[PDB]
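Below is query-v5.pdb, which holds PDB, C-alpha atoms and all ligand atoms.
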```pdb
ATOM      1  CA  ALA A   1     -41.963 -42.981-233.825  1.00  0.00           C
ATOM      2  CA  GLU A   2     -45.586 -42.474-234.807  1.00  0.00           C
ATOM      3  CA  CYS A   3     -48.157 -44.829-233.311  1.00  0.00           C
ATOM      4  CA  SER A   4     -51.261 -44.455-235.467  1.00  0.00           C
ATOM      5  CA  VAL A   5     -52.631 -45.212-238.924  1.00  0.00           C
ATOM      6  CA  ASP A   6     -55.521 -43.874-240.996  1.00  0.00           C
ATOM      7  CA  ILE A   7     -57.441 -46.417-243.052  1.00  0.00           C
ATOM      8  CA  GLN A   8     -60.382 -46.182-245.475  1.00  0.00           C
ATOM      9  CA  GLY A   9     -62.870 -48.799-246.564  1.00  0.00           C
ATOM     10  CA  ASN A  10     -64.952 -47.920-249.628  1.00  0.00           C
ATOM     11  CA  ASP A  11     -67.979 -49.021-251.677  1.00  0.00           C
ATOM     12  CA  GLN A  12     -65.806 -51.430-253.694  1.00  0.00           C
ATOM     13  CA  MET A  13     -64.968 -53.522-250.598  1.00  0.00           C
ATOM     14  CA  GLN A  14     -61.400 -52.180-250.519  1.00  0.00           C
ATOM     15  CA  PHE A  15     -59.158 -51.079-247.667  1.00  0.00           C
ATOM     16  CA  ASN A  16     -56.554 -48.526-248.762  1.00  0.00           C
ATOM     17  CA  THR A  17     -53.768 -50.562-247.140  1.00  0.00           C
ATOM     18  CA  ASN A  18     -52.986 -54.264-246.907  1.00  0.00           C
ATOM     19  CA  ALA A  19     -50.093 -54.065-244.473  1.00  0.00           C
ATOM     20  CA  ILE A  20     -49.714 -52.241-241.188  1.00  0.00           C
ATOM     21  CA  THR A  21     -46.509 -51.851-239.216  1.00  0.00           C
ATOM     22  CA  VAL A  22     -46.528 -50.973-235.506  1.00  0.00           C
ATOM     23  CA  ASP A  23     -43.235 -49.528-234.248  1.00  0.00           C
ATOM     24  CA  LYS A  24     -41.761 -51.565-231.362  1.00  0.00           C
ATOM     25  CA  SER A  25     -41.397 -48.482-229.136  1.00  0.00           C
ATOM     26  CA  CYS A  26     -45.131 -47.679-229.285  1.00  0.00           C
ATOM     27  CA  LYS A  27     -47.027 -48.477-226.077  1.00  0.00           C
ATOM     28  CA  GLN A  28     -50.435 -47.772-227.593  1.00  0.00           C
ATOM     29  CA  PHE A  29     -51.507 -47.827-231.223  1.00  0.00           C
ATOM     30  CA  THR A  30     -54.393 -45.948-232.823  1.00  0.00           C
ATOM     31  CA  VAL A  31     -56.444 -46.910-235.871  1.00  0.00           C
ATOM     32  CA  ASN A  32     -58.548 -44.222-237.550  1.00  0.00           C
ATOM     33  CA  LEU A  33     -61.170 -45.807-239.780  1.00  0.00           C
ATOM     34  CA  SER A  34     -63.310 -43.882-242.255  1.00  0.00           C
ATOM     35  CA  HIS A  35     -65.806 -44.781-244.977  1.00  0.00           C
ATOM     36  CA  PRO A  36     -65.585 -42.433-248.002  1.00  0.00           C
ATOM     37  CA  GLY A  37     -68.159 -44.486-249.946  1.00  0.00           C
ATOM     38  CA  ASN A  38     -71.866 -43.712-250.372  1.00  0.00           C
ATOM     39  CA  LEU A  39     -73.436 -46.997-249.271  1.00  0.00           C
ATOM     40  CA  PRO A  40     -74.987 -47.340-245.815  1.00  0.00           C
ATOM     41  CA  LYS A  41     -73.824 -49.558-242.926  1.00  0.00           C
ATOM     42  CA  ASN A  42     -76.345 -52.367-243.460  1.00  0.00           C
ATOM     43  CA  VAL A  43     -75.122 -53.197-246.988  1.00  0.00           C
ATOM     44  CA  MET A  44     -71.511 -51.935-247.040  1.00  0.00           C
ATOM     45  CA  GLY A  45     -70.466 -51.604-243.419  1.00  0.00           C
ATOM     46  CA  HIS A  46     -66.784 -51.849-242.640  1.00  0.00           C
ATOM     47  CA  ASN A  47     -64.982 -52.547-239.410  1.00  0.00           C
ATOM     48  CA  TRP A  48     -61.297 -53.056-238.676  1.00  0.00           C
ATOM     49  CA  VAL A  49     -60.823 -56.217-236.620  1.00  0.00           C
ATOM     50  CA  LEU A  50     -57.444 -57.596-235.504  1.00  0.00           C
ATOM     51  CA  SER A  51     -56.531 -61.169-234.548  1.00  0.00           C
ATOM     52  CA  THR A  52     -53.711 -63.680-235.012  1.00  0.00           C
ATOM     53  CA  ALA A  53     -53.588 -65.215-238.494  1.00  0.00           C
ATOM     54  CA  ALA A  54     -54.851 -68.616-237.305  1.00  0.00           C
ATOM     55  CA  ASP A  55     -57.858 -67.035-235.565  1.00  0.00           C
ATOM     56  CA  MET A  56     -59.097 -64.903-238.463  1.00  0.00           C
ATOM     57  CA  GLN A  57     -61.274 -67.553-240.151  1.00  0.00           C
ATOM     58  CA  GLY A  58     -63.023 -68.361-236.897  1.00  0.00           C
ATOM     59  CA  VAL A  59     -63.542 -64.691-236.039  1.00  0.00           C
ATOM     60  CA  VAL A  60     -64.973 -63.964-239.485  1.00  0.00           C
ATOM     61  CA  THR A  61     -67.218 -67.046-239.488  1.00  0.00           C
ATOM     62  CA  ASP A  62     -68.786 -66.534-236.048  1.00  0.00           C
ATOM     63  CA  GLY A  63     -68.856 -62.795-236.722  1.00  0.00           C
ATOM     64  CA  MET A  64     -70.954 -62.944-239.887  1.00  0.00           C
ATOM     65  CA  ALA A  65     -73.373 -65.263-238.048  1.00  0.00           C
ATOM     66  CA  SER A  66     -73.732 -62.779-235.179  1.00  0.00           C
ATOM     67  CA  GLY A  67     -75.585 -60.164-237.222  1.00  0.00           C
ATOM     68  CA  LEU A  68     -75.601 -56.403-237.700  1.00  0.00           C
ATOM     69  CA  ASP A  69     -76.618 -55.339-234.198  1.00  0.00           C
ATOM     70  CA  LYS A  70     -73.501 -57.062-232.821  1.00  0.00           C
ATOM     71  CA  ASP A  71     -71.287 -55.405-235.459  1.00  0.00           C
ATOM     72  CA  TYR A  72     -70.812 -58.859-236.982  1.00  0.00           C
ATOM     73  CA  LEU A  73     -68.719 -60.092-234.069  1.00  0.00           C
ATOM     74  CA  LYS A  74     -69.513 -62.990-231.751  1.00  0.00           C
ATOM     75  CA  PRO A  75     -70.093 -61.589-228.239  1.00  0.00           C
ATOM     76  CA  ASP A  76     -67.149 -61.907-225.863  1.00  0.00           C
ATOM     77  CA  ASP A  77     -64.951 -63.366-228.621  1.00  0.00           C
ATOM     78  CA  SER A  78     -61.578 -63.627-226.871  1.00  0.00           C
ATOM     79  CA  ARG A  79     -59.851 -64.081-230.250  1.00  0.00           C
ATOM     80  CA  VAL A  80     -60.424 -60.445-231.169  1.00  0.00           C
ATOM     81  CA  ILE A  81     -57.312 -58.538-230.068  1.00  0.00           C
ATOM     82  CA  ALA A  82     -58.719 -55.084-230.912  1.00  0.00           C
ATOM     83  CA  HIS A  83     -61.388 -53.686-233.235  1.00  0.00           C
ATOM     84  CA  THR A  84     -63.198 -50.553-234.367  1.00  0.00           C
ATOM     85  CA  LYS A  85     -66.958 -50.370-234.504  1.00  0.00           C
ATOM     86  CA  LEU A  86     -68.747 -51.177-237.785  1.00  0.00           C
ATOM     87  CA  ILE A  87     -69.388 -48.035-239.852  1.00  0.00           C
ATOM     88  CA  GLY A  88     -71.170 -47.057-243.069  1.00  0.00           C
ATOM     89  CA  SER A  89     -70.849 -44.205-245.591  1.00  0.00           C
ATOM     90  CA  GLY A  90     -69.650 -40.939-244.096  1.00  0.00           C
ATOM     91  CA  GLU A  91     -68.902 -42.327-240.647  1.00  0.00           C
ATOM     92  CA  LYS A  92     -65.535 -42.590-238.935  1.00  0.00           C
ATOM     93  CA  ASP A  93     -64.315 -44.528-235.912  1.00  0.00           C
ATOM     94  CA  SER A  94     -61.077 -44.540-233.953  1.00  0.00           C
ATOM     95  CA  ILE A  95     -59.718 -47.128-231.549  1.00  0.00           C
ATOM     96  CA  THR A  96     -56.585 -47.148-229.417  1.00  0.00           C
ATOM     97  CA  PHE A  97     -55.205 -50.397-227.992  1.00  0.00           C
ATOM     98  CA  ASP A  98     -52.253 -51.615-225.930  1.00  0.00           C
ATOM     99  CA  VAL A  99     -49.150 -52.784-227.796  1.00  0.00           C
ATOM    100  CA  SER A 100     -48.661 -55.263-224.942  1.00  0.00           C
ATOM    101  CA  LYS A 101     -51.256 -57.267-226.906  1.00  0.00           C
ATOM    102  CA  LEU A 102     -48.802 -57.491-229.851  1.00  0.00           C
ATOM    103  CA  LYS A 103     -45.836 -59.861-229.477  1.00  0.00           C
ATOM    104  CA  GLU A 104     -42.580 -59.513-231.510  1.00  0.00           C
ATOM    105  CA  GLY A 105     -42.574 -61.790-234.563  1.00  0.00           C
ATOM    106  CA  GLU A 106     -46.148 -63.063-234.112  1.00  0.00           C
ATOM    107  CA  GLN A 107     -48.355 -62.950-237.222  1.00  0.00           C
ATOM    108  CA  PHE A 108     -51.498 -60.842-237.088  1.00  0.00           C
ATOM    109  CA  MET A 109     -54.295 -60.149-239.589  1.00  0.00           C
ATOM    110  CA  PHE A 110     -56.666 -57.201-239.810  1.00  0.00           C
ATOM    111  CA  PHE A 111     -59.916 -57.589-241.713  1.00  0.00           C
ATOM    112  CA  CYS A 112     -63.546 -56.518-241.992  1.00  0.00           C
ATOM    113  CA  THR A 113     -66.158 -58.950-240.673  1.00  0.00           C
ATOM    114  CA  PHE A 114     -69.145 -57.607-242.614  1.00  0.00           C
ATOM    115  CA  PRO A 115     -70.550 -60.579-244.608  1.00  0.00           C
ATOM    116  CA  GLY A 116     -68.331 -61.466-247.573  1.00  0.00           C
ATOM    117  CA  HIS A 117     -65.962 -58.555-247.102  1.00  0.00           C
ATOM    118  CA  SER A 118     -62.939 -60.252-245.511  1.00  0.00           C
ATOM    119  CA  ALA A 119     -61.676 -61.962-248.676  1.00  0.00           C
ATOM    120  CA  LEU A 120     -60.942 -58.577-250.232  1.00  0.00           C
ATOM    121  CA  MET A 121     -60.698 -56.534-247.040  1.00  0.00           C
ATOM    122  CA  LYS A 122     -57.720 -57.909-245.133  1.00  0.00           C
ATOM    123  CA  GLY A 123     -54.028 -57.316-244.522  1.00  0.00           C
ATOM    124  CA  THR A 124     -51.131 -58.097-242.212  1.00  0.00           C
ATOM    125  CA  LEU A 125     -50.161 -56.293-239.035  1.00  0.00           C
ATOM    126  CA  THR A 126     -46.707 -56.730-237.540  1.00  0.00           C
ATOM    127  CA  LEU A 127     -44.639 -55.273-234.725  1.00  0.00           C
ATOM    128  CA  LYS A 128     -41.199 -54.227-236.035  1.00  0.00           C
TER
HETATM  129 CU    CU B   1     -42.574 -42.811-230.689  1.00  0.00          CU
HETATM  130 CU    CU B   2     -66.524 -54.208-244.882  1.00  0.00          CU
END
```
Let me see the file written as structure tokens.
Ligand SMILES: [Cu+2]
Ligand SMILES: [Cu+2]
Amino acid sequence: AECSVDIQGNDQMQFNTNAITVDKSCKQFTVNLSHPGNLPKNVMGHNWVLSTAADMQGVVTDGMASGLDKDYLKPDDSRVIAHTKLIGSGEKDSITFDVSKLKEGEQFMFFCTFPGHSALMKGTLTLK
């Protein structure tokens, strides 16, 4: 089974997927994030941040408060399971994380933590 996904965030605050499936036999999983828009990082930055569903609101809230130089994530936030860096127009970032962080049946959310973006830029991740 494949163990990666390619995702885009654009100038309209849209991800091109709202649901990610990680195959149970994967030991690592890779997320390839790209920004095909034209707007720069400081006004339309996008990251891909993963947490349990219950933790998302907290991660997003503290994140936005943390500011651009911290990629809109609270330092040493143990609620973040895995995340890309924050990127603007024309950039791309890839992260690979351990599936051992992803328990069978548990509910996970991915989202962008750039201010205001998470309402429209979010989706589910599950291990099947
Ligand atoms: Cu495989
Ligand atoms: Cu964003």
What do you get as a PDB file with C-alpha atoms, keeping the file's coordinate frame if you pick all residues at most 7 Å from ligand CU 2 (chain B), counting all atoms listed in the file?
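The file below, part.pdb, is the result:
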```
ATOM      1  CA  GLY A   9     -62.870 -48.799-246.564  1.00  0.00           C
ATOM      2  CA  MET A  13     -64.968 -53.522-250.598  1.00  0.00           C
ATOM      3  CA  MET A  44     -71.511 -51.935-247.040  1.00  0.00           C
ATOM      4  CA  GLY A  45     -70.466 -51.604-243.419  1.00  0.00           C
ATOM      5  CA  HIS A  46     -66.784 -51.849-242.640  1.00  0.00           C
ATOM      6  CA  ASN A  47     -64.982 -52.547-239.410  1.00  0.00           C
ATOM      7  CA  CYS A 112     -63.546 -56.518-241.992  1.00  0.00           C
ATOM      8  CA  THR A 113     -66.158 -58.950-240.673  1.00  0.00           C
ATOM      9  CA  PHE A 114     -69.145 -57.607-242.614  1.00  0.00           C
ATOM     10  CA  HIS A 117     -65.962 -58.555-247.102  1.00  0.00           C
ATOM     11  CA  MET A 121     -60.698 -56.534-247.040  1.00  0.00           C
TER      12      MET A 121
END
```
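With only C-alpha atoms and all ligand atoms as the atoms that count, the residue of A:102, A:109, A:25, A:14 with the shortest distance to ligand CU 1 (chain B) is A:25.
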Legend entry - Test item: the PyMOL selection byres (((not hetatm)) within 10 of (chain B and resi 1)) resolved as JSON, numbers by chain: {"A": [1, 2, 3, 23, 24, 25, 26, 27, 28]}
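Across the structure, CA of residue 48 (chain A) and CA of residue 33 (chain A) are spaced 7.3 Å apart.
Residues within 12 Å of residue 92 (chain A), counting all atoms listed in the file and excluding same-chain residues fewer than 3 positions away, are residues 6, 7, 8, 9, 10, 31, 32, 33, 34, 35, 36, 37, 41, 45, 46, 47, 48, 84, 85, 86, 87, 88, 89 and 95 of chain A.
Distance-wise, CA of residue 17 (chain A) and CA of residue 64 (chain A) end up 22.4 Å apart.
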Legend entry - Contacts of residue 126 (chain A) at 7 Å (all atoms listed in the file; same-chain gap of 3+ positions) as a ChimeraX atom specification: /A:20-22,107-108
Inset, instruction - Provide the CA of residue 100 (chain A) to CA of residue 16 (chain A) distance in Å, to one decimal place. - result: 26.0 Å
For region 7-44 of chain A of the block above, can you save N, CA and C atoms as a short mmCIF file (atom, residue, chain, number, x, y, z; two decimals), in the first residue's frame?
```
data_model
loop_
_atom_site.label_atom_id
_atom_site.label_comp_id
_atom_site.auth_asym_id
_atom_site.auth_seq_id
_atom_site.Cartn_x
_atom_site.Cartn_y
_atom_site.Cartn_z
N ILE A 7 -0.94 17.31 -1.02
CA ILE A 7 -2.04 18.22 -0.70
C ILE A 7 -1.65 19.64 -1.09
N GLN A 8 -2.63 20.40 -1.59
CA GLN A 8 -2.45 21.80 -1.94
C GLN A 8 -3.32 22.69 -1.07
N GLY A 9 -2.78 23.84 -0.70
CA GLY A 9 -3.57 24.91 -0.12
C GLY A 9 -3.41 26.10 -1.05
N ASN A 10 -4.51 26.79 -1.34
CA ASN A 10 -4.49 27.88 -2.32
C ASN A 10 -4.83 29.26 -1.76
N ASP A 11 -4.97 30.24 -2.64
CA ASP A 11 -5.29 31.61 -2.23
C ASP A 11 -6.73 31.77 -1.73
N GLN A 12 -7.58 30.78 -1.97
CA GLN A 12 -8.97 30.85 -1.51
C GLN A 12 -9.18 30.14 -0.16
N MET A 13 -8.09 29.91 0.56
CA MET A 13 -8.13 29.19 1.84
C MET A 13 -8.82 27.84 1.69
N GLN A 14 -8.39 27.08 0.68
CA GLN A 14 -8.89 25.73 0.43
C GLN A 14 -7.76 24.69 0.40
N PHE A 15 -7.95 23.58 1.10
CA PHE A 15 -7.16 22.38 0.85
C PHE A 15 -7.85 21.64 -0.29
N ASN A 16 -7.10 20.88 -1.07
CA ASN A 16 -7.73 20.06 -2.11
C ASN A 16 -8.15 18.66 -1.65
N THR A 17 -8.15 18.43 -0.34
CA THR A 17 -8.79 17.23 0.21
C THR A 17 -9.34 17.54 1.59
N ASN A 18 -10.38 16.82 2.00
CA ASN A 18 -10.89 17.03 3.36
C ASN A 18 -10.91 15.73 4.15
N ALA A 19 -10.27 14.71 3.59
CA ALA A 19 -10.22 13.41 4.25
C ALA A 19 -9.01 12.62 3.78
N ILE A 20 -8.21 12.20 4.76
CA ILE A 20 -7.00 11.45 4.47
C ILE A 20 -7.10 10.09 5.13
N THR A 21 -6.70 9.07 4.40
CA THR A 21 -6.70 7.71 4.91
C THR A 21 -5.26 7.22 4.92
N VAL A 22 -4.81 6.71 6.07
CA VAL A 22 -3.49 6.09 6.19
C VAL A 22 -3.65 4.57 6.28
N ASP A 23 -3.06 3.84 5.34
CA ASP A 23 -3.20 2.38 5.36
C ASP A 23 -2.52 1.74 6.58
N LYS A 24 -3.23 0.83 7.24
CA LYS A 24 -2.77 0.22 8.49
C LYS A 24 -1.40 -0.47 8.41
N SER A 25 -0.96 -0.84 7.21
CA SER A 25 0.34 -1.51 7.08
C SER A 25 1.50 -0.52 6.90
N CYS A 26 1.18 0.77 6.77
CA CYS A 26 2.23 1.79 6.67
C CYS A 26 2.93 1.92 8.03
N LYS A 27 4.25 2.07 8.01
CA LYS A 27 4.99 2.33 9.25
C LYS A 27 5.37 3.80 9.35
N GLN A 28 5.46 4.45 8.20
CA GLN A 28 5.69 5.90 8.15
C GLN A 28 4.67 6.42 7.16
N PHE A 29 4.36 7.70 7.26
CA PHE A 29 3.43 8.33 6.33
C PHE A 29 3.98 9.70 5.95
N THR A 30 3.87 10.04 4.67
CA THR A 30 4.46 11.27 4.16
C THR A 30 3.39 12.23 3.63
N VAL A 31 3.49 13.50 4.02
CA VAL A 31 2.58 14.51 3.50
C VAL A 31 3.37 15.51 2.68
N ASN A 32 2.99 15.68 1.41
CA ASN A 32 3.64 16.64 0.54
C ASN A 32 2.76 17.85 0.30
N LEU A 33 3.10 18.96 0.94
CA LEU A 33 2.28 20.16 0.90
C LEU A 33 2.85 21.16 -0.09
N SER A 34 1.97 21.77 -0.87
CA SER A 34 2.37 22.77 -1.86
C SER A 34 1.36 23.91 -1.87
N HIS A 35 1.78 25.07 -2.37
CA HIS A 35 0.95 26.26 -2.35
C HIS A 35 0.94 26.86 -3.75
N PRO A 36 -0.04 26.44 -4.58
CA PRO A 36 -0.14 26.90 -5.97
C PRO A 36 -0.76 28.30 -6.11
N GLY A 37 -1.01 28.99 -5.01
CA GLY A 37 -1.56 30.34 -5.07
C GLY A 37 -0.49 31.35 -5.43
N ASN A 38 -0.84 32.64 -5.31
CA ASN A 38 0.11 33.72 -5.61
C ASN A 38 0.44 34.58 -4.40
N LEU A 39 -0.29 34.38 -3.30
CA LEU A 39 -0.14 35.22 -2.12
C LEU A 39 1.01 34.76 -1.21
N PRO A 40 1.72 35.71 -0.59
CA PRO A 40 2.89 35.28 0.18
C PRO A 40 2.53 34.71 1.55
N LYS A 41 3.52 34.07 2.18
CA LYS A 41 3.37 33.43 3.49
C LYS A 41 2.73 34.27 4.60
N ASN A 42 3.00 35.57 4.63
CA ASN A 42 2.57 36.37 5.78
C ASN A 42 1.09 36.76 5.73
N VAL A 43 0.46 36.60 4.56
CA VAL A 43 -0.99 36.83 4.45
C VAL A 43 -1.80 35.61 4.02
N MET A 44 -1.15 34.56 3.53
CA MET A 44 -1.90 33.39 3.04
C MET A 44 -1.10 32.10 3.23
#
```
